[PDB]
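Source file: protein36.cif; contents: mmCIF, N, CA and C atoms.
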```cif
data_structure
#
loop_
_atom_site.group_PDB
_atom_site.id
_atom_site.type_symbol
_atom_site.label_atom_id
_atom_site.label_comp_id
_atom_site.auth_asym_id
_atom_site.auth_seq_id
_atom_site.Cartn_x
_atom_site.Cartn_y
_atom_site.Cartn_z
ATOM 1 N N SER A 2 111.234 97.490 94.228
ATOM 2 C CA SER A 2 110.247 97.270 95.319
ATOM 3 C C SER A 2 110.874 97.587 96.660
ATOM 4 N N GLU A 3 110.697 98.835 97.029
ATOM 5 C CA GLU A 3 111.150 99.357 98.278
ATOM 6 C C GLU A 3 109.986 100.194 98.728
ATOM 7 N N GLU A 4 109.756 100.239 100.023
ATOM 8 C CA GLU A 4 108.687 101.048 100.551
ATOM 9 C C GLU A 4 109.195 101.759 101.785
ATOM 10 N N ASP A 5 108.557 102.868 102.112
ATOM 11 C CA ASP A 5 108.904 103.642 103.287
ATOM 12 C C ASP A 5 107.657 104.153 103.972
ATOM 13 N N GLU A 6 107.813 104.496 105.240
ATOM 14 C CA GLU A 6 106.703 104.745 106.148
ATOM 15 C C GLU A 6 107.008 106.046 106.895
ATOM 16 N N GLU A 7 108.136 106.040 107.597
ATOM 17 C CA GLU A 7 108.740 107.244 108.176
ATOM 18 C C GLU A 7 110.267 107.149 107.959
ATOM 19 N N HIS A 8 110.858 106.031 108.396
ATOM 20 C CA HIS A 8 112.192 105.591 107.936
ATOM 21 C C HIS A 8 111.960 104.470 106.898
ATOM 22 N N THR A 9 112.957 104.131 106.077
ATOM 23 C CA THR A 9 112.691 103.376 104.820
ATOM 24 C C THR A 9 113.271 101.947 104.694
ATOM 25 N N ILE A 10 112.696 101.163 103.772
ATOM 26 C CA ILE A 10 112.951 99.708 103.629
ATOM 27 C C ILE A 10 112.986 99.234 102.164
ATOM 28 N N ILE A 11 113.898 98.315 101.848
ATOM 29 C CA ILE A 11 114.115 97.864 100.468
ATOM 30 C C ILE A 11 113.899 96.362 100.269
ATOM 31 N N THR A 12 113.264 95.996 99.151
ATOM 32 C CA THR A 12 113.294 94.614 98.630
ATOM 33 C C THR A 12 113.418 94.616 97.056
ATOM 34 N N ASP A 13 113.177 93.460 96.416
ATOM 35 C CA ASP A 13 113.895 92.971 95.198
ATOM 36 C C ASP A 13 113.373 93.202 93.750
ATOM 37 N N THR A 14 112.535 94.200 93.466
ATOM 38 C CA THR A 14 112.052 94.420 92.052
ATOM 39 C C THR A 14 111.491 95.846 91.849
ATOM 40 N N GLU A 15 110.870 96.167 90.699
ATOM 41 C CA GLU A 15 110.610 97.586 90.303
ATOM 42 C C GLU A 15 109.229 98.022 89.759
ATOM 43 N N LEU A 16 108.471 98.724 90.601
ATOM 44 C CA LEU A 16 107.256 99.446 90.186
ATOM 45 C C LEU A 16 107.072 100.656 91.133
ATOM 46 N N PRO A 17 106.850 101.885 90.591
ATOM 47 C CA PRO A 17 106.899 103.170 91.337
ATOM 48 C C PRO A 17 106.503 103.090 92.817
ATOM 49 N N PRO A 18 107.332 103.654 93.722
ATOM 50 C CA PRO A 18 107.329 103.190 95.110
ATOM 51 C C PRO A 18 106.169 103.644 95.990
ATOM 52 N N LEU A 19 105.828 102.817 96.969
ATOM 53 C CA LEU A 19 104.712 103.104 97.876
ATOM 54 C C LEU A 19 105.190 103.740 99.156
ATOM 55 N N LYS A 20 104.603 104.878 99.506
ATOM 56 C CA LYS A 20 104.705 105.386 100.864
ATOM 57 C C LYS A 20 103.570 104.756 101.651
ATOM 58 N N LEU A 21 103.891 103.780 102.482
ATOM 59 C CA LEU A 21 102.852 103.040 103.208
ATOM 60 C C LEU A 21 102.268 103.807 104.392
ATOM 61 N N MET A 22 100.937 103.788 104.465
ATOM 62 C CA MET A 22 100.174 104.468 105.525
ATOM 63 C C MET A 22 100.698 104.024 106.889
ATOM 64 N N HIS A 23 100.735 102.708 107.066
ATOM 65 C CA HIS A 23 101.315 102.072 108.242
ATOM 66 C C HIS A 23 102.330 101.027 107.783
ATOM 67 N N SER A 24 103.394 100.847 108.556
ATOM 68 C CA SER A 24 104.448 99.897 108.202
ATOM 69 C C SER A 24 103.922 98.457 108.082
ATOM 70 N N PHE A 25 102.965 98.100 108.926
ATOM 71 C CA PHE A 25 102.504 96.708 108.978
ATOM 72 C C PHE A 25 101.828 96.248 107.685
ATOM 73 N N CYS A 26 101.379 97.190 106.842
ATOM 74 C CA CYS A 26 100.752 96.834 105.555
ATOM 75 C C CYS A 26 101.694 96.039 104.647
ATOM 76 N N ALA A 27 102.992 96.078 104.953
ATOM 77 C CA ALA A 27 104.026 95.338 104.203
ATOM 78 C C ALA A 27 104.524 94.080 104.909
ATOM 79 N N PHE A 28 104.000 93.793 106.096
ATOM 80 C CA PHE A 28 104.315 92.526 106.807
ATOM 81 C C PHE A 28 103.744 91.318 106.084
ATOM 82 N N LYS A 29 104.460 90.213 106.131
ATOM 83 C CA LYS A 29 103.934 88.989 105.571
ATOM 84 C C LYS A 29 102.640 88.546 106.292
ATOM 85 N N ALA A 30 101.784 87.870 105.542
ATOM 86 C CA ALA A 30 100.558 87.343 106.107
ATOM 87 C C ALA A 30 100.937 86.197 107.032
ATOM 88 N N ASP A 31 100.376 86.225 108.236
ATOM 89 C CA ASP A 31 100.730 85.290 109.276
ATOM 90 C C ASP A 31 99.516 84.530 109.811
ATOM 91 N N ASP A 32 99.481 83.217 109.580
ATOM 92 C CA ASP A 32 98.393 82.363 110.109
ATOM 93 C C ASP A 32 98.413 82.226 111.628
ATOM 94 N N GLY A 33 99.570 82.440 112.235
ATOM 95 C CA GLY A 33 99.723 82.184 113.671
ATOM 96 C C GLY A 33 99.656 80.704 113.996
ATOM 97 N N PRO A 34 99.828 80.342 115.276
ATOM 98 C CA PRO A 34 99.962 78.940 115.694
ATOM 99 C C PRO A 34 98.678 78.154 115.963
ATOM 100 N N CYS A 35 97.541 78.831 116.069
ATOM 101 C CA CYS A 35 96.277 78.128 116.358
ATOM 102 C C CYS A 35 95.755 77.481 115.081
ATOM 103 N N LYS A 36 94.794 76.588 115.212
ATOM 104 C CA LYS A 36 94.479 75.668 114.113
ATOM 105 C C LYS A 36 93.153 75.913 113.399
ATOM 106 N N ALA A 37 92.464 76.995 113.753
ATOM 107 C CA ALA A 37 91.204 77.333 113.109
ATOM 108 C C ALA A 37 91.422 77.739 111.647
ATOM 109 N N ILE A 38 90.293 77.910 110.964
ATOM 110 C CA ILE A 38 90.255 78.274 109.564
ATOM 111 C C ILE A 38 89.375 79.515 109.403
ATOM 112 N N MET A 39 90.021 80.669 109.519
ATOM 113 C CA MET A 39 89.340 81.959 109.464
ATOM 114 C C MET A 39 89.769 82.745 108.228
ATOM 115 N N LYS A 40 88.805 83.048 107.376
ATOM 116 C CA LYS A 40 89.074 83.818 106.166
ATOM 117 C C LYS A 40 89.301 85.273 106.545
ATOM 118 N N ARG A 41 90.454 85.804 106.178
ATOM 119 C CA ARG A 41 90.829 87.183 106.504
ATOM 120 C C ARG A 41 91.525 87.799 105.286
ATOM 121 N N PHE A 42 91.814 89.092 105.378
ATOM 122 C CA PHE A 42 92.406 89.829 104.272
ATOM 123 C C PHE A 42 93.694 90.507 104.696
ATOM 124 N N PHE A 43 94.615 90.670 103.753
ATOM 125 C CA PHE A 43 95.885 91.356 104.008
ATOM 126 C C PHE A 43 96.338 92.074 102.742
ATOM 127 N N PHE A 44 97.189 93.092 102.902
ATOM 128 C CA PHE A 44 97.694 93.847 101.765
ATOM 129 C C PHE A 44 98.982 93.239 101.235
ATOM 130 N N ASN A 45 98.944 92.909 99.956
ATOM 131 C CA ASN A 45 100.075 92.371 99.233
ATOM 132 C C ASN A 45 100.755 93.525 98.485
ATOM 133 N N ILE A 46 101.959 93.888 98.918
ATOM 134 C CA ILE A 46 102.687 95.036 98.330
ATOM 135 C C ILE A 46 103.200 94.788 96.921
ATOM 136 N N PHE A 47 103.218 93.534 96.483
ATOM 137 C CA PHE A 47 103.721 93.204 95.143
ATOM 138 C C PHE A 47 102.643 93.178 94.071
ATOM 139 N N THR A 48 101.426 92.792 94.435
ATOM 140 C CA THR A 48 100.271 92.939 93.535
ATOM 141 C C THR A 48 99.502 94.239 93.822
ATOM 142 N N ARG A 49 99.816 94.855 94.961
ATOM 143 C CA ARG A 49 99.211 96.121 95.404
ATOM 144 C C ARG A 49 97.696 96.006 95.520
ATOM 145 N N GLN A 50 97.273 94.866 96.051
ATOM 146 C CA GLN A 50 95.879 94.541 96.246
ATOM 147 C C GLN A 50 95.754 93.989 97.625
ATOM 148 N N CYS A 51 94.553 94.090 98.173
ATOM 149 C CA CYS A 51 94.181 93.377 99.371
ATOM 150 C C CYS A 51 93.825 91.952 98.965
ATOM 151 N N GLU A 52 94.359 90.955 99.675
ATOM 152 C CA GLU A 52 94.152 89.554 99.297
ATOM 153 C C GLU A 52 93.699 88.676 100.450
ATOM 154 N N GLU A 53 93.108 87.536 100.113
ATOM 155 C CA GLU A 53 92.618 86.599 101.111
ATOM 156 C C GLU A 53 93.728 85.761 101.702
ATOM 157 N N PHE A 54 93.621 85.481 102.986
ATOM 158 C CA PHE A 54 94.433 84.404 103.584
ATOM 159 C C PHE A 54 93.670 83.741 104.730
ATOM 160 N N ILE A 55 94.218 82.634 105.233
ATOM 161 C CA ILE A 55 93.586 81.846 106.291
ATOM 162 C C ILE A 55 94.314 82.101 107.608
ATOM 163 N N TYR A 56 93.576 82.595 108.598
ATOM 164 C CA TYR A 56 94.140 82.949 109.910
ATOM 165 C C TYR A 56 93.749 81.829 110.887
ATOM 166 N N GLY A 57 94.651 81.442 111.768
ATOM 167 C CA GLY A 57 94.378 80.335 112.704
ATOM 168 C C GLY A 57 93.583 80.741 113.929
ATOM 169 N N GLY A 58 93.452 82.042 114.159
ATOM 170 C CA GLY A 58 92.608 82.553 115.239
ATOM 171 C C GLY A 58 93.318 83.239 116.380
ATOM 172 N N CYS A 59 94.629 83.072 116.459
ATOM 173 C CA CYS A 59 95.367 83.676 117.543
ATOM 174 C C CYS A 59 96.731 84.228 117.079
ATOM 175 N N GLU A 60 97.210 85.242 117.792
ATOM 176 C CA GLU A 60 98.495 85.874 117.520
ATOM 177 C C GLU A 60 98.539 86.471 116.093
ATOM 178 N N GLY A 61 99.679 86.382 115.406
ATOM 179 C CA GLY A 61 99.806 86.928 114.064
ATOM 180 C C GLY A 61 100.303 88.352 114.133
ATOM 181 N N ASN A 62 99.891 89.170 113.182
ATOM 182 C CA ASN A 62 100.352 90.571 113.141
ATOM 183 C C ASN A 62 99.229 91.469 112.645
ATOM 184 N N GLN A 63 99.514 92.749 112.460
ATOM 185 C CA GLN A 63 98.455 93.716 112.190
ATOM 186 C C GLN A 63 97.913 93.709 110.754
ATOM 187 N N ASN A 64 98.594 93.016 109.845
ATOM 188 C CA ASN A 64 98.199 93.006 108.422
ATOM 189 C C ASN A 64 97.142 91.948 108.186
ATOM 190 N N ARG A 65 95.974 92.194 108.757
ATOM 191 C CA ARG A 65 94.971 91.162 108.930
ATOM 192 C C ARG A 65 93.658 91.868 109.134
ATOM 193 N N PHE A 66 92.719 91.660 108.218
ATOM 194 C CA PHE A 66 91.439 92.384 108.257
ATOM 195 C C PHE A 66 90.277 91.452 108.005
ATOM 196 N N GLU A 67 89.127 91.810 108.566
ATOM 197 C CA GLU A 67 87.910 90.994 108.472
ATOM 198 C C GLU A 67 87.217 91.180 107.122
ATOM 199 N N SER A 68 87.606 92.208 106.383
ATOM 200 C CA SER A 68 86.961 92.494 105.110
ATOM 201 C C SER A 68 87.891 93.178 104.136
ATOM 202 N N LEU A 69 87.542 93.047 102.868
ATOM 203 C CA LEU A 69 88.209 93.757 101.788
ATOM 204 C C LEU A 69 88.212 95.252 102.058
ATOM 205 N N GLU A 70 87.071 95.770 102.491
ATOM 206 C CA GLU A 70 86.898 97.211 102.686
ATOM 207 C C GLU A 70 87.722 97.733 103.874
ATOM 208 N N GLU A 71 87.684 96.996 104.979
ATOM 209 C CA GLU A 71 88.461 97.325 106.179
ATOM 210 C C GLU A 71 89.961 97.389 105.828
ATOM 211 N N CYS A 72 90.389 96.519 104.912
ATOM 212 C CA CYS A 72 91.793 96.431 104.436
ATOM 213 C C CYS A 72 92.195 97.600 103.552
ATOM 214 N N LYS A 73 91.296 97.984 102.654
ATOM 215 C CA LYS A 73 91.483 99.173 101.815
ATOM 216 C C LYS A 73 91.684 100.415 102.683
ATOM 217 N N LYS A 74 90.799 100.598 103.657
ATOM 218 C CA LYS A 74 90.835 101.770 104.546
ATOM 219 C C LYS A 74 92.198 101.978 105.214
ATOM 220 N N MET A 75 92.826 100.887 105.624
ATOM 221 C CA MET A 75 94.068 100.943 106.406
ATOM 222 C C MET A 75 95.331 100.981 105.560
ATOM 223 N N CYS A 76 95.274 100.346 104.391
ATOM 224 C CA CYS A 76 96.454 100.118 103.553
ATOM 225 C C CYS A 76 96.333 100.691 102.120
ATOM 226 N N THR A 77 95.552 101.761 101.948
ATOM 227 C CA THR A 77 95.296 102.354 100.616
ATOM 228 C C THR A 77 94.862 103.817 100.740
ATOM 229 N N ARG A 78 95.353 104.672 99.836
ATOM 230 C CA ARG A 78 95.003 106.111 99.815
ATOM 231 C C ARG A 78 94.029 106.457 98.691
ATOM 232 N N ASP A 79 94.155 107.417 99.694
ATOM 233 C CA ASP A 79 93.432 108.401 98.913
ATOM 234 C C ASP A 79 94.399 109.507 98.450
ATOM 235 N N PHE B 1 109.099 91.603 106.609
ATOM 236 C CA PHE B 1 108.440 92.269 105.478
ATOM 237 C C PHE B 1 108.275 91.283 104.357
ATOM 238 N N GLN B 2 107.278 91.522 103.528
ATOM 239 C CA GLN B 2 107.063 90.707 102.352
ATOM 240 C C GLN B 2 108.280 90.827 101.462
ATOM 241 N N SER B 3 108.625 89.735 100.788
ATOM 242 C CA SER B 3 109.645 89.761 99.746
ATOM 243 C C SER B 3 109.050 89.158 98.487
ATOM 244 N N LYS B 4 109.684 89.419 97.351
ATOM 245 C CA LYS B 4 109.137 89.051 96.033
ATOM 246 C C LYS B 4 108.767 87.566 95.966
ATOM 247 N N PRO B 5 107.502 87.256 95.595
ATOM 248 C CA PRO B 5 106.912 85.981 95.824
ATOM 249 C C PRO B 5 106.996 85.167 97.052
ATOM 250 N N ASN B 6 107.115 85.912 98.136
ATOM 251 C CA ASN B 6 107.074 85.363 99.456
ATOM 252 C C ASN B 6 106.328 86.359 100.323
ATOM 253 N N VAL B 7 105.007 86.322 100.234
ATOM 254 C CA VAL B 7 104.168 87.268 100.985
ATOM 255 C C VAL B 7 103.524 86.647 102.224
ATOM 256 N N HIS B 8 103.864 85.393 102.506
ATOM 257 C CA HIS B 8 103.370 84.669 103.673
ATOM 258 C C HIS B 8 104.538 84.246 104.527
ATOM 259 N N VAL B 9 104.300 84.077 105.822
ATOM 260 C CA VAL B 9 105.326 83.569 106.743
ATOM 261 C C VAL B 9 105.727 82.139 106.415
ATOM 262 N N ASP B 10 106.912 81.758 106.871
ATOM 263 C CA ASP B 10 107.436 80.407 106.677
ATOM 264 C C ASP B 10 106.453 79.358 107.196
ATOM 265 N N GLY B 11 106.199 78.350 106.369
ATOM 266 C CA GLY B 11 105.341 77.228 106.722
ATOM 267 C C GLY B 11 103.861 77.492 106.590
ATOM 268 N N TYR B 12 103.487 78.637 106.020
ATOM 269 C CA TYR B 12 102.061 78.967 105.872
ATOM 270 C C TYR B 12 101.323 77.876 105.102
ATOM 271 N N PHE B 13 101.889 77.495 103.969
ATOM 272 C CA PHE B 13 101.244 76.556 103.051
ATOM 273 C C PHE B 13 101.245 75.124 103.555
ATOM 274 N N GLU B 14 102.283 74.754 104.287
ATOM 275 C CA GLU B 14 102.374 73.438 104.905
ATOM 276 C C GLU B 14 101.362 73.269 106.038
ATOM 277 N N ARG B 15 101.294 74.252 106.927
ATOM 278 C CA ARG B 15 100.255 74.291 107.967
ATOM 279 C C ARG B 15 98.848 74.339 107.377
ATOM 280 N N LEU B 16 98.663 75.103 106.302
ATOM 281 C CA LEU B 16 97.351 75.248 105.662
ATOM 282 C C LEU B 16 96.907 73.880 105.145
ATOM 283 N N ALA B 17 97.700 73.263 104.274
ATOM 284 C CA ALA B 17 97.645 71.849 104.066
ATOM 285 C C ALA B 17 96.889 70.970 104.990
ATOM 286 N N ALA B 18 97.423 70.956 106.205
ATOM 287 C CA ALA B 18 96.984 70.080 107.269
ATOM 288 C C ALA B 18 95.613 70.475 107.784
ATOM 289 N N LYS B 19 95.285 71.755 107.733
ATOM 290 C CA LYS B 19 93.962 72.207 108.192
ATOM 291 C C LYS B 19 92.865 71.802 107.228
ATOM 292 N N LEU B 20 93.149 71.916 105.943
ATOM 293 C CA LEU B 20 92.114 71.718 104.930
ATOM 294 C C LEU B 20 92.008 70.256 104.594
#
```
Can I see the file as C-alpha cells?
Amino acid sequence: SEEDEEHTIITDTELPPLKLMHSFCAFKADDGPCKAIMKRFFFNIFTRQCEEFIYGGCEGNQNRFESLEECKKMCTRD
Amino acid sequence: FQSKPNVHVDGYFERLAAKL
C-alpha cells in the first residue's frame, strides 16, 4: 500500500498500486474542531471505496465530500 | 496520510462519542 500523485508515498500492505488523481484523496478523514454532526464522504485508500464520516462543520481537509457521487468524481478514474 | 486501519485523524472516535 503505497500511492503516488506526482512524487510518491509509502504505507504498510499490498494490493496493486493507485496513482491518485489528487494527493488529498489519501488524507485521513478529519472531523475538525467544531461540534456539529454533518454526514460527509471521503475516499478510503485501503478499501478503495468512498465512505461516510461525521464532519464537525469547520476546518478539516480536502478529502471531504457532500455526496458519494461528488467523491467518486474527485478520487476515482476513469 | 491514511495508514492501515487508521483512516481517521487522532481522536475521531472519542470526539464522535461525545457528539452522539
So that I can check the surroundings of stretch 2-19 of chain B, please list as a list in words every protein, DNA and RNA residue that reaches within 8 Å of it, counting only C-alpha atoms and ignoring chain neighbours fewer than 6 positions away.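 In the requested form, the answer reads residues 12, 13, 14, 27, 28, 29, 30, 31, 32, 36, 37, 38, 45, 46, 47 and 55 of chain A.
Put simply, atom CA of residue A:16 is 10.6 Å away from atom CA of residue A:4.
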Per DSSP on the backbone, filter chain A down to the residues in helix (DSSP H, G or I) and report them as JSON, numbers by chain. {"A": [24, 25, 26, 27, 69, 70, 71, 72, 73, 74, 75, 76]}
DSSP on the backbone, strand (DSSP E) only: what residues of chain A does that give? Format it as a list in words.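 In chain A, DSSP puts these residues in strand (DSSP E): residues 3, 4, 5, 9, 10, 11, 19, 20, 39, 40, 41, 42, 43, 44, 45, 50, 51, 52, 53, 54, 55 and 56 of chain A.
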Counting all atoms listed in the file, which of A:71, A:11, A:23, A:65 gets nearest to chain B?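 Looking only at the distances to chain B, the closest residue turns out to be A:11.
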Taking the file above as input, evaluate the PyMOL selection byres ((chain A and resi 21) around 6) and report the hits as an MDAnalysis selection string. chainID A and resid 4:6 19:20 22:24
Could I get stretch 4-16 of chain B rebuilt with N, CA, C and O atoms, written as a PDB file, keeping the file's coordinate frame?
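Contents of result36.pdb, as written:
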```pdb
ATOM      1  N   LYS B   4     109.684  89.419  97.351  1.00  0.00           N
ATOM      2  CA  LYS B   4     109.137  89.051  96.033  1.00  0.00           C
ATOM      3  C   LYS B   4     108.767  87.566  95.966  1.00  0.00           C
ATOM      4  O   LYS B   4     109.609  86.712  96.238  1.00  0.00           O
ATOM      5  N   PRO B   5     107.502  87.256  95.595  1.00  0.00           N
ATOM      6  CA  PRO B   5     106.912  85.981  95.824  1.00  0.00           C
ATOM      7  C   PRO B   5     106.996  85.167  97.052  1.00  0.00           C
ATOM      8  O   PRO B   5     106.902  83.935  97.042  1.00  0.00           O
ATOM      9  N   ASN B   6     107.115  85.912  98.136  1.00  0.00           N
ATOM     10  CA  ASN B   6     107.074  85.363  99.456  1.00  0.00           C
ATOM     11  C   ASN B   6     106.328  86.359 100.323  1.00  0.00           C
ATOM     12  O   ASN B   6     106.930  87.170 101.021  1.00  0.00           O
ATOM     13  N   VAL B   7     105.007  86.322 100.234  1.00  0.00           N
ATOM     14  CA  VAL B   7     104.168  87.268 100.985  1.00  0.00           C
ATOM     15  C   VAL B   7     103.524  86.647 102.224  1.00  0.00           C
ATOM     16  O   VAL B   7     102.762  87.308 102.919  1.00  0.00           O
ATOM     17  N   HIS B   8     103.864  85.393 102.506  1.00  0.00           N
ATOM     18  CA  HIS B   8     103.370  84.669 103.673  1.00  0.00           C
ATOM     19  C   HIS B   8     104.538  84.246 104.527  1.00  0.00           C
ATOM     20  O   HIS B   8     105.626  84.045 104.009  1.00  0.00           O
ATOM     21  N   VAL B   9     104.300  84.077 105.822  1.00  0.00           N
ATOM     22  CA  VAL B   9     105.326  83.569 106.743  1.00  0.00           C
ATOM     23  C   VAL B   9     105.727  82.139 106.415  1.00  0.00           C
ATOM     24  O   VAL B   9     104.973  81.398 105.803  1.00  0.00           O
ATOM     25  N   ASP B  10     106.912  81.758 106.871  1.00  0.00           N
ATOM     26  CA  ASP B  10     107.436  80.407 106.677  1.00  0.00           C
ATOM     27  C   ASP B  10     106.453  79.358 107.196  1.00  0.00           C
ATOM     28  O   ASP B  10     105.938  79.468 108.304  1.00  0.00           O
ATOM     29  N   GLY B  11     106.199  78.350 106.369  1.00  0.00           N
ATOM     30  CA  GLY B  11     105.341  77.228 106.722  1.00  0.00           C
ATOM     31  C   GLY B  11     103.861  77.492 106.590  1.00  0.00           C
ATOM     32  O   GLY B  11     103.054  76.659 106.990  1.00  0.00           O
ATOM     33  N   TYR B  12     103.487  78.637 106.020  1.00  0.00           N
ATOM     34  CA  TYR B  12     102.061  78.967 105.872  1.00  0.00           C
ATOM     35  C   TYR B  12     101.323  77.876 105.102  1.00  0.00           C
ATOM     36  O   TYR B  12     100.271  77.400 105.517  1.00  0.00           O
ATOM     37  N   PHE B  13     101.889  77.495 103.969  1.00  0.00           N
ATOM     38  CA  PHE B  13     101.244  76.556 103.051  1.00  0.00           C
ATOM     39  C   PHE B  13     101.245  75.124 103.555  1.00  0.00           C
ATOM     40  O   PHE B  13     100.318  74.378 103.292  1.00  0.00           O
ATOM     41  N   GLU B  14     102.283  74.754 104.287  1.00  0.00           N
ATOM     42  CA  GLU B  14     102.374  73.438 104.905  1.00  0.00           C
ATOM     43  C   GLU B  14     101.362  73.269 106.038  1.00  0.00           C
ATOM     44  O   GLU B  14     100.625  72.287 106.084  1.00  0.00           O
ATOM     45  N   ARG B  15     101.294  74.252 106.927  1.00  0.00           N
ATOM     46  CA  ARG B  15     100.255  74.291 107.967  1.00  0.00           C
ATOM     47  C   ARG B  15      98.848  74.339 107.377  1.00  0.00           C
ATOM     48  O   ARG B  15      97.939  73.680 107.902  1.00  0.00           O
ATOM     49  N   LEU B  16      98.663  75.103 106.302  1.00  0.00           N
ATOM     50  CA  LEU B  16      97.351  75.248 105.662  1.00  0.00           C
ATOM     51  C   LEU B  16      96.907  73.880 105.145  1.00  0.00           C
ATOM     52  O   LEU B  16      95.842  73.408 105.509  1.00  0.00           O
TER      53      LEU B  16
END
```
